[PDB]
Amino acid sequence: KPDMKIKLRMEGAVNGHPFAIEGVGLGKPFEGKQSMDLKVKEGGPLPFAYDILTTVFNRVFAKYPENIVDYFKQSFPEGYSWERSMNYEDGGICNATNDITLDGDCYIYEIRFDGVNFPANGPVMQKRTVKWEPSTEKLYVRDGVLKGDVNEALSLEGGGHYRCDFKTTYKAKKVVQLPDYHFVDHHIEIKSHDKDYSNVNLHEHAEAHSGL
Amino acid sequence: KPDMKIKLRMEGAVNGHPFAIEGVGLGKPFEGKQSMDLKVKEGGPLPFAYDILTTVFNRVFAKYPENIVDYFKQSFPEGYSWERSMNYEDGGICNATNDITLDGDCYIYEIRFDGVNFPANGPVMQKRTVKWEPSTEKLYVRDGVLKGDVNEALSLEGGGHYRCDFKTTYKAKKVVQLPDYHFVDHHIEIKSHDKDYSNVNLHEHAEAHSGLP
Amino acid sequence: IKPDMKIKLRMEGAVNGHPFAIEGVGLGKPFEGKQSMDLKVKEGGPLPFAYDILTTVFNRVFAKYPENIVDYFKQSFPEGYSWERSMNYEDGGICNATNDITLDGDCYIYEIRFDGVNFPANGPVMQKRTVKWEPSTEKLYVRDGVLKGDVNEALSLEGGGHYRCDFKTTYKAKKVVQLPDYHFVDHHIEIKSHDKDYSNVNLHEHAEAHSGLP
Amino acid sequence: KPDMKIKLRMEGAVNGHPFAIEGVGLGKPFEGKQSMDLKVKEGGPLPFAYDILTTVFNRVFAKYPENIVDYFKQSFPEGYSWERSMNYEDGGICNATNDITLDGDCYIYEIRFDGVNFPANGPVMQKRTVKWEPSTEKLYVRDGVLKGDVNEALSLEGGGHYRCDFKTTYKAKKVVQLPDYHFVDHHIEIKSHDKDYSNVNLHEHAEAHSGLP
């Protein structure tokens, strides 16, 4: 529908220390906009940069034009799942999965997040990240499913950027029409939060296009 | 000027077998469009997919809006150089350099290209590539200079895509104002070629933008 | 630490989003660098992936260290140590694992988490086309006061050939210990026996530290 | 024969700076020892750490036991070639090739070396490297080809280590027997050099093994 709800629970760990986060949100799938509120349930206060979590906190919330087949909106009411590996340049690596289902007008996410090898004096473990830059995801078919790798970067507390390469596999629960090679522009932003990020308001604007 | 000239020479090797290519072209830097005709002088007929070369055959040919500092157009008349690593997903990797100078209204490229570890049954050696797909390049400043990364993909013959990780370092020959984080959309196309790619007409269209607001 | 030590572990994890859980008990000789264990699948069975991606997660205390190489791991006890590991396979599949090692009398206790993603449906892992890990030589070096370990490891495949994986591990002692110099550890891990569905597995590994070509 | 000599010329560039080096050397292939003296012919004084070149300056100089097929000694008198990518952890990447022939008792190398994207503040451009650590190479057959991977590391003058991933493809000029998965221990050492490394005396010891028995 034009206004949809979001409910999620993320269970995960970073450098072996476990945590859990829950969120409620709402979004406009055809306008490619969404927002949500999250609150650390376990493992707080988080000792790592919250920004590594945010892109894990749904490509149905993307404005697709009529000329590009919409893989994600097709998959419902059954839904879809995805897996993702996020490779940071300093060796830190996060693996994540999300199983997305639909209950009425509410998407339900079951999330697992696992990051390892983040250096003690790195920007993640020292909370020196500021914000994800906006980005352009490249989506393409392989083995009958959809993949979407990206060239991400976090702006840092004194300038400069901290790069991370995202690799994702999108799997529909049913048979859907596979799209052609296309792109999705992203802009994810934390609009507000408390001191230790126990509470976080997160927004994302995502839009598909066919390149130049 | 609104219309610029282009002359180039690439000397290189792929899997240890040397080759050399020269080209002539022209473009409109403020429109971000260019075209050129390339001829292989040595090492022909090339035993690898010509497409691995095309992105090596100049970001001055990109339409920059006023809201984004133009590092490349600033760097002239002195010019600039760039270094690039091209890591394909099956282990083949090409490293390339280009020293760009200006003589009147003509850009001069001196290009080196060396690719290795392309598997014999891979799409490059078997020449099963069709086209580069359009791409979006991410530019950011690091330690005083400018970088550019692209996650590119080659369209293949039987369907599917063959990905390549681009990583480029841009160095102006003079000090210029460094730009903020931004993007450049690309679309490179071989519009015409002869059978063994001894002659190639190559086009590229490029535009910088700041991404979604 | 004694010539004969005990092991039991529990691993909880998921591969391509399919969760599973495994428990094991074992024994070994830390000063001889040999060990063996029996593992049982408790949840997520029958496992739909190659069991071989799990085995290197199922302890560098079981490595024969010569006197001239500082033993980072044997020093860390009785308090113990932990490690994190990223295993980067050449076809894009990636596994992250952690192990928190404690000591109870003569028994090592492992708390293990394992998470692998992006394994293609037709790749050797999901199709269980792996045979065994080849022997390997680990390279260990200090960075930021802790110990690192990288190996170029390869799985032999079921009709000839090898399937590569990049191991990169951070070792973290829970107390202050003396840091070693750059050194090596030779490995050979082998599944000695198992039932048809890999619900039961008997796993062994031998390891020996050295300092390269003398 | 137990005593062989070496003569080589390497032509290359690092970050777009071309250079050339020639060397003469000697070794005992059946014991896995060799040494050579290298002289910089062009591009001196080299502005990068000489350590990036040495593993490019022949696995015929490795002691192979009887129970492991020797791909390299089988490859002569015709010889063999190899291609290699060396991926440093800070993004620096070098591509190298070597075409190895035999003239009487002298191995002749034709070497190309191309390194890109080394940061100006990194240990290579700053020249803060000490030596390569010993290493163990893993070799295996793929696609009728012999492959070689090493996780290398450079010791730095402050204790730390600067890792590099080695990927090499070995190709005999004739069809020869292929070995099973095995290992080669390495220890490469610069035993002497002048201040700006215009003269370098390089040694390497290597011995193949099957791993932990």
# chains A, B, ... in the order shown; residues from 1 in each chain; ligands from 1

$ select_by_dssp --residues "region 9-157 of chain D" --states "alpha helix (DSSP H)" --output "list in words"
residues 71, 72, 73, 74, 123, 124, 125 and 126 of chain D

$ residues_around --residues "region 97-114 of chain A" --least-positions-apart "4" --cutoff "9 Å" --atoms "only C-alpha atoms" --output "mmCIF file with C-alpha atoms, in the first residue's frame"
data_model
loop_
_atom_site.group_PDB
_atom_site.id
_atom_site.type_symbol
_atom_site.label_atom_id
_atom_site.label_comp_id
_atom_site.auth_asym_id
_atom_site.auth_seq_id
_atom_site.Cartn_x
_atom_site.Cartn_y
_atom_site.Cartn_z
ATOM 1 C CA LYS A 1 0.000 0.000 0.000
ATOM 2 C CA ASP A 3 1.743 3.742 3.538
ATOM 3 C CA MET A 4 3.344 0.673 5.099
ATOM 4 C CA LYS A 5 4.525 -0.227 8.576
ATOM 5 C CA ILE A 6 7.829 -1.727 9.676
ATOM 6 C CA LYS A 7 8.715 -3.949 12.615
ATOM 7 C CA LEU A 8 12.096 -5.585 13.073
ATOM 8 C CA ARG A 9 14.394 -7.273 15.545
ATOM 9 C CA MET A 10 18.148 -7.464 15.022
ATOM 10 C CA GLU A 11 20.244 -9.917 17.016
ATOM 11 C CA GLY A 12 23.946 -9.649 16.456
ATOM 12 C CA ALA A 13 27.505 -9.277 17.642
ATOM 13 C CA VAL A 14 30.543 -7.128 16.878
ATOM 14 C CA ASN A 15 34.018 -8.412 17.811
ATOM 15 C CA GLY A 16 32.401 -11.162 19.879
ATOM 16 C CA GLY A 25 8.814 2.313 11.565
ATOM 17 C CA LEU A 26 6.717 3.303 8.596
ATOM 18 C CA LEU A 53 24.205 -1.164 11.515
ATOM 19 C CA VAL A 56 21.023 -3.360 7.614
ATOM 20 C CA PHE A 57 18.049 -1.605 9.231
ATOM 21 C CA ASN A 58 14.505 -3.157 2.503
ATOM 22 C CA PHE A 76 5.038 -9.933 -1.779
ATOM 23 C CA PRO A 77 2.756 -10.896 -0.059
ATOM 24 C CA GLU A 78 5.174 -13.807 0.454
ATOM 25 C CA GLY A 79 8.176 -11.502 0.816
ATOM 26 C CA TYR A 80 11.886 -12.020 0.307
ATOM 27 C CA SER A 81 15.182 -12.384 2.168
ATOM 28 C CA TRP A 82 18.703 -11.081 1.626
ATOM 29 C CA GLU A 83 22.277 -11.762 2.752
ATOM 30 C CA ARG A 84 25.055 -9.183 2.794
ATOM 31 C CA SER A 85 28.786 -8.969 3.433
ATOM 32 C CA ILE A 93 33.929 -7.204 7.947
ATOM 33 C CA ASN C 16 22.816 -18.348 4.088
ATOM 34 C CA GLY C 17 20.276 -17.560 6.807
ATOM 35 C CA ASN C 96 32.648 -14.849 10.160
ATOM 36 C CA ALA C 97 33.371 -16.781 13.341
ATOM 37 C CA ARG C 113 29.424 -18.238 16.741
ATOM 38 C CA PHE C 114 29.524 -18.930 12.992
ATOM 39 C CA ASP C 115 27.876 -16.878 10.240
ATOM 40 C CA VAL C 117 26.569 -15.634 3.698
#

$ closest_residue --among "C:132, C:175, C:104, C:91" --to "chain B" --atoms "only C-alpha atoms"
C:91

$ atom_distance --atom1 "CA of residue 161 (chain A)" --atom2 "CA of residue 163 (chain B)"
23.8 Å

$ residues_around --residues "residue 121 (chain C)" --least-positions-apart "6" --cutoff "10 Å" --atoms "only C-alpha atoms" --output "list in words"
residues 143 of chain A; 16, 49 and 127 of chain C

$ write_last_selection --atoms "N, CA, C and O atoms" --output "mmCIF file, in the first residue's frame"
data_model
loop_
_atom_site.group_PDB
_atom_site.id
_atom_site.type_symbol
_atom_site.label_atom_id
_atom_site.label_comp_id
_atom_site.auth_asym_id
_atom_site.auth_seq_id
_atom_site.Cartn_x
_atom_site.Cartn_y
_atom_site.Cartn_z
ATOM 1 N N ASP A 143 22.452 -16.449 -11.376
ATOM 2 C CA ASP A 143 21.858 -17.711 -10.917
ATOM 3 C C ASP A 143 20.384 -17.489 -10.552
ATOM 4 O O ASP A 143 19.884 -17.941 -9.525
ATOM 5 N N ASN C 16 23.817 -18.867 5.021
ATOM 6 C CA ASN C 16 22.816 -18.348 4.088
ATOM 7 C C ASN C 16 21.464 -18.161 4.773
ATOM 8 O O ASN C 16 20.410 -18.323 4.154
ATOM 9 N N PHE C 49 24.903 -27.662 3.863
ATOM 10 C CA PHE C 49 26.155 -27.152 3.325
ATOM 11 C C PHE C 49 27.290 -28.104 3.677
ATOM 12 O O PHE C 49 27.149 -28.999 4.516
ATOM 13 N N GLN C 127 26.495 -27.316 -2.540
ATOM 14 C CA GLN C 127 26.319 -28.550 -3.212
ATOM 15 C C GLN C 127 27.159 -29.672 -2.544
ATOM 16 O O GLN C 127 27.130 -30.795 -2.982
#

$ residues_around --residues "region 136-151 of chain B" --least-positions-apart "3" --cutoff "6 Å" --atoms "only C-alpha atoms" --output "ChimeraX atom specification"
/B:165-171,181-186

$ write_last_selection --atoms "C-alpha atoms" --output "PDB file, in the first residue's frame"
ATOM      1  CA  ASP B 165      36.612  -3.233  -9.138  1.00  0.00           C
ATOM      2  CA  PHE B 166      38.050   0.086 -10.237  1.00  0.00           C
ATOM      3  CA  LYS B 167      40.410   2.092  -8.033  1.00  0.00           C
ATOM      4  CA  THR B 168      42.004   5.245  -9.450  1.00  0.00           C
ATOM      5  CA  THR B 169      44.307   7.920  -8.016  1.00  0.00           C
ATOM      6  CA  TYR B 170      44.194  11.360  -9.657  1.00  0.00           C
ATOM      7  CA  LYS B 171      47.147  13.732  -9.176  1.00  0.00           C
ATOM      8  CA  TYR B 181      32.632  13.872  -2.054  1.00  0.00           C
ATOM      9  CA  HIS B 182      30.715  13.546  -5.312  1.00  0.00           C
ATOM     10  CA  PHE B 183      29.822  11.214  -8.169  1.00  0.00           C
ATOM     11  CA  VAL B 184      30.348  10.949 -11.919  1.00  0.00           C
ATOM     12  CA  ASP B 185      27.991   8.894 -14.072  1.00  0.00           C
ATOM     13  CA  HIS B 186      29.675   7.097 -16.971  1.00  0.00           C
TER      14      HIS B 186
END

$ residues_around --residues "region 208-210 of chain B" --least-positions-apart "2" --cutoff "12 Å" --atoms "only C-alpha atoms" --output "ChimeraX atom specification"
/A:133-136,185-187,212 /B:29-32,59-72,135-140,179-186,205-206,212-213

$ select_by_dssp --residues "region 21-173 of chain C" --states "strand (DSSP E or B)" --output "number ranges by chain"
C: 21-29, 34-43, 64, 81-89, 94-104, 107-117, 130-133, 136-143, 146-157, 162-173

$ residues_around --residues "region 116-121 of chain D" --least-positions-apart "3" --cutoff "9 Å" --atoms "only C-alpha atoms" --output "list in words"
residues 83, 84, 85, 95, 96, 97, 143, 167, 168 and 169 of chain B; 13, 14, 15, 16, 88, 90, 91, 92, 93, 94, 95, 124, 125 and 126 of chain D

$ residues_around --residues "residue 119 (chain A)" --least-positions-apart "3" --cutoff "8 Å" --atoms "only C-alpha atoms" --output "list in words"
residues 90, 92, 122, 124 and 125 of chain A; 144 of chain C

$ write_last_selection --atoms "N, CA and C atoms" --output "short mmCIF file (atom, residue, chain, number, x, y, z; two decimals), in the first residue's frame"
data_model
loop_
_atom_site.label_atom_id
_atom_site.label_comp_id
_atom_site.auth_asym_id
_atom_site.auth_seq_id
_atom_site.Cartn_x
_atom_site.Cartn_y
_atom_site.Cartn_z
N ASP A 90 39.84 -1.33 6.33
CA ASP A 90 40.83 -1.67 7.34
C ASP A 90 40.71 -3.10 7.84
N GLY A 92 37.92 -4.76 8.84
CA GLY A 92 36.65 -5.05 9.48
C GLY A 92 35.62 -5.53 8.46
N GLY A 122 40.52 1.68 15.39
CA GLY A 122 39.86 2.03 14.16
C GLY A 122 38.68 2.95 14.39
N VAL A 124 35.61 2.57 13.74
CA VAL A 124 34.38 1.91 14.19
C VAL A 124 34.39 1.72 15.70
N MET A 125 35.45 1.10 16.21
CA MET A 125 35.57 0.84 17.61
C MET A 125 35.78 2.08 18.46
N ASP C 144 48.88 -4.07 16.85
CA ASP C 144 48.12 -3.39 17.90
C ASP C 144 48.10 -4.19 19.19
#

$ closest_residue --among "C:73, C:63, C:142, C:14" --to "residue 34 (chain C)" --atoms "only C-alpha atoms"
C:63

$ atom_distance --atom1 "CA of residue 196 (chain C)" --atom2 "CA of residue 54 (chain C)"
16.7 Å

$ closest_residue --among "D:33, D:127, D:174, D:5" --to "chain C" --atoms "only C-alpha atoms"
D:33

$ atom_distance --atom1 "CA of residue 11 (chain B)" --atom2 "CA of residue 193 (chain B)"
19.9 Å

$ decode --residues "region 144-187 of chain D" --atoms "N, CA and C atoms" --output "mmCIF file, in the first residue's frame"
data_model
loop_
_atom_site.group_PDB
_atom_site.id
_atom_site.type_symbol
_atom_site.label_atom_id
_atom_site.label_comp_id
_atom_site.auth_asym_id
_atom_site.auth_seq_id
_atom_site.Cartn_x
_atom_site.Cartn_y
_atom_site.Cartn_z
ATOM 1 N N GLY D 144 44.650 -26.923 -16.006
ATOM 2 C CA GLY D 144 45.879 -27.288 -16.685
ATOM 3 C C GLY D 144 47.048 -26.379 -16.389
ATOM 4 N N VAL D 145 46.879 -25.422 -15.480
ATOM 5 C CA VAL D 145 47.912 -24.456 -15.139
ATOM 6 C C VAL D 145 48.367 -24.693 -13.707
ATOM 7 N N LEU D 146 49.604 -24.294 -13.429
ATOM 8 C CA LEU D 146 50.158 -24.309 -12.084
ATOM 9 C C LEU D 146 50.033 -22.918 -11.479
ATOM 10 N N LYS D 147 49.446 -22.842 -10.289
ATOM 11 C CA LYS D 147 49.197 -21.583 -9.605
ATOM 12 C C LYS D 147 50.034 -21.481 -8.338
ATOM 13 N N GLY D 148 50.281 -20.243 -7.919
ATOM 14 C CA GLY D 148 51.032 -20.002 -6.704
ATOM 15 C C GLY D 148 50.545 -18.828 -5.882
ATOM 16 N N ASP D 149 50.186 -19.084 -4.625
ATOM 17 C CA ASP D 149 49.725 -18.051 -3.708
ATOM 18 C C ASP D 149 50.606 -18.012 -2.465
ATOM 19 N N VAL D 150 50.909 -16.800 -1.998
ATOM 20 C CA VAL D 150 51.656 -16.576 -0.761
ATOM 21 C C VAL D 150 51.033 -15.396 -0.027
ATOM 22 N N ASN D 151 50.904 -15.518 1.293
ATOM 23 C CA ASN D 151 50.584 -14.369 2.138
ATOM 24 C C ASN D 151 51.905 -13.792 2.625
ATOM 25 N N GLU D 152 52.432 -12.910 1.869
ATOM 26 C CA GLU D 152 53.653 -12.231 2.313
ATOM 27 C C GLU D 152 53.474 -11.025 3.392
ATOM 28 N N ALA D 153 54.602 -10.655 3.905
ATOM 29 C CA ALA D 153 54.603 -9.552 4.857
ATOM 30 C C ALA D 153 55.984 -8.919 4.847
ATOM 31 N N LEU D 154 56.028 -7.592 4.803
ATOM 32 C CA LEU D 154 57.274 -6.845 4.906
ATOM 33 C C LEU D 154 57.434 -6.325 6.325
ATOM 34 N N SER D 155 58.573 -6.627 6.937
ATOM 35 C CA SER D 155 58.896 -6.029 8.220
ATOM 36 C C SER D 155 59.269 -4.567 8.028
ATOM 37 N N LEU D 156 58.838 -3.728 8.957
ATOM 38 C CA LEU D 156 59.099 -2.303 8.850
ATOM 39 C C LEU D 156 60.122 -1.928 9.920
ATOM 40 N N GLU D 157 60.800 -0.782 9.743
ATOM 41 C CA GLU D 157 61.853 -0.356 10.675
ATOM 42 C C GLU D 157 61.297 0.021 12.051
ATOM 43 N N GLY D 158 59.999 -0.228 12.312
ATOM 44 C CA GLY D 158 59.455 0.093 13.631
ATOM 45 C C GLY D 158 58.806 -1.136 14.229
ATOM 46 N N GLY D 159 59.144 -2.313 13.691
ATOM 47 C CA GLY D 159 58.624 -3.572 14.195
ATOM 48 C C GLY D 159 57.423 -4.146 13.465
ATOM 49 N N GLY D 160 56.509 -3.284 13.024
ATOM 50 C CA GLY D 160 55.286 -3.735 12.385
ATOM 51 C C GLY D 160 55.497 -4.475 11.080
ATOM 52 N N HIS D 161 54.407 -4.957 10.489
ATOM 53 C CA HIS D 161 54.464 -5.728 9.258
ATOM 54 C C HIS D 161 53.435 -5.182 8.279
ATOM 55 N N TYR D 162 53.780 -5.250 6.998
ATOM 56 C CA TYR D 162 52.995 -4.672 5.910
ATOM 57 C C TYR D 162 52.684 -5.795 4.925
ATOM 58 N N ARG D 163 51.461 -6.316 4.981
ATOM 59 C CA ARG D 163 51.150 -7.562 4.297
ATOM 60 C C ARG D 163 50.904 -7.341 2.808
ATOM 61 N N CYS D 164 51.234 -8.368 2.028
ATOM 62 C CA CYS D 164 51.058 -8.382 0.584
ATOM 63 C C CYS D 164 50.581 -9.764 0.170
ATOM 64 N N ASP D 165 49.584 -9.807 -0.706
ATOM 65 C CA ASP D 165 49.028 -11.064 -1.185
ATOM 66 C C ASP D 165 49.626 -11.412 -2.544
ATOM 67 N N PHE D 166 50.350 -12.497 -2.571
ATOM 68 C CA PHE D 166 50.892 -12.959 -3.823
ATOM 69 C C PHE D 166 49.981 -14.091 -4.659
ATOM 70 N N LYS D 167 49.799 -13.741 -5.915
ATOM 71 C CA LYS D 167 49.091 -14.606 -6.805
ATOM 72 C C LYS D 167 49.901 -14.782 -8.103
ATOM 73 N N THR D 168 50.371 -15.988 -8.374
ATOM 74 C CA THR D 168 51.230 -16.241 -9.520
ATOM 75 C C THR D 168 50.689 -17.395 -10.350
ATOM 76 N N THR D 169 50.809 -17.257 -11.667
ATOM 77 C CA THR D 169 50.432 -18.283 -12.629
ATOM 78 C C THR D 169 51.686 -18.722 -13.374
ATOM 79 N N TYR D 170 52.029 -20.004 -13.269
ATOM 80 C CA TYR D 170 53.200 -20.564 -13.935
ATOM 81 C C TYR D 170 52.768 -21.334 -15.178
ATOM 82 N N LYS D 171 53.452 -21.091 -16.298
ATOM 83 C CA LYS D 171 53.111 -21.705 -17.581
ATOM 84 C C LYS D 171 54.372 -22.230 -18.267
ATOM 85 N N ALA D 172 54.549 -23.557 -18.258
ATOM 86 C CA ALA D 172 55.595 -24.225 -19.035
ATOM 87 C C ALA D 172 55.344 -24.046 -20.536
ATOM 88 N N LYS D 173 56.454 -23.919 -21.235
ATOM 89 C CA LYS D 173 56.387 -23.667 -22.648
ATOM 90 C C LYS D 173 56.008 -24.894 -23.437
ATOM 91 N N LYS D 174 56.150 -26.043 -22.817
ATOM 92 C CA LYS D 174 55.786 -27.306 -23.392
ATOM 93 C C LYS D 174 54.887 -28.026 -22.388
ATOM 94 N N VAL D 175 54.295 -29.105 -22.834
ATOM 95 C CA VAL D 175 53.420 -29.842 -22.004
ATOM 96 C C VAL D 175 54.245 -30.652 -21.083
ATOM 97 N N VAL D 176 54.048 -30.517 -19.769
ATOM 98 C CA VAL D 176 54.867 -31.278 -18.850
ATOM 99 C C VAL D 176 53.916 -31.863 -17.820
ATOM 100 N N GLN D 177 54.442 -32.756 -16.987
ATOM 101 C CA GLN D 177 53.646 -33.388 -15.943
ATOM 102 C C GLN D 177 53.267 -32.356 -14.891
ATOM 103 N N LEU D 178 52.036 -32.436 -14.397
ATOM 104 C CA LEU D 178 51.568 -31.492 -13.395
ATOM 105 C C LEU D 178 51.681 -32.085 -11.998
ATOM 106 N N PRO D 179 52.129 -31.300 -11.023
ATOM 107 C CA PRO D 179 52.266 -31.811 -9.659
ATOM 108 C C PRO D 179 50.960 -31.710 -8.887
ATOM 109 N N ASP D 180 50.909 -32.445 -7.783
ATOM 110 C CA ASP D 180 49.802 -32.297 -6.859
ATOM 111 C C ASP D 180 50.045 -31.105 -5.934
ATOM 112 N N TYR D 181 49.019 -30.770 -5.153
ATOM 113 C CA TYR D 181 49.109 -29.686 -4.180
ATOM 114 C C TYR D 181 50.313 -29.879 -3.266
ATOM 115 N N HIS D 182 51.142 -28.843 -3.166
ATOM 116 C CA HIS D 182 52.352 -28.900 -2.357
ATOM 117 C C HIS D 182 52.737 -27.480 -1.954
ATOM 118 N N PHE D 183 53.879 -27.364 -1.280
ATOM 119 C CA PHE D 183 54.325 -26.108 -0.700
ATOM 120 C C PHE D 183 55.774 -25.840 -1.080
ATOM 121 N N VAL D 184 56.159 -24.565 -1.006
ATOM 122 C CA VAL D 184 57.546 -24.142 -1.174
ATOM 123 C C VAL D 184 57.860 -23.112 -0.096
ATOM 124 N N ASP D 185 58.805 -23.433 0.782
ATOM 125 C CA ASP D 185 59.283 -22.471 1.765
ATOM 126 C C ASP D 185 60.256 -21.504 1.105
ATOM 127 N N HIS D 186 60.163 -20.230 1.480
ATOM 128 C CA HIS D 186 60.997 -19.190 0.897
ATOM 129 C C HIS D 186 61.723 -18.414 1.985
ATOM 130 N N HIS D 187 62.893 -17.893 1.627
ATOM 131 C CA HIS D 187 63.553 -16.863 2.422
ATOM 132 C C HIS D 187 64.389 -16.026 1.468
#
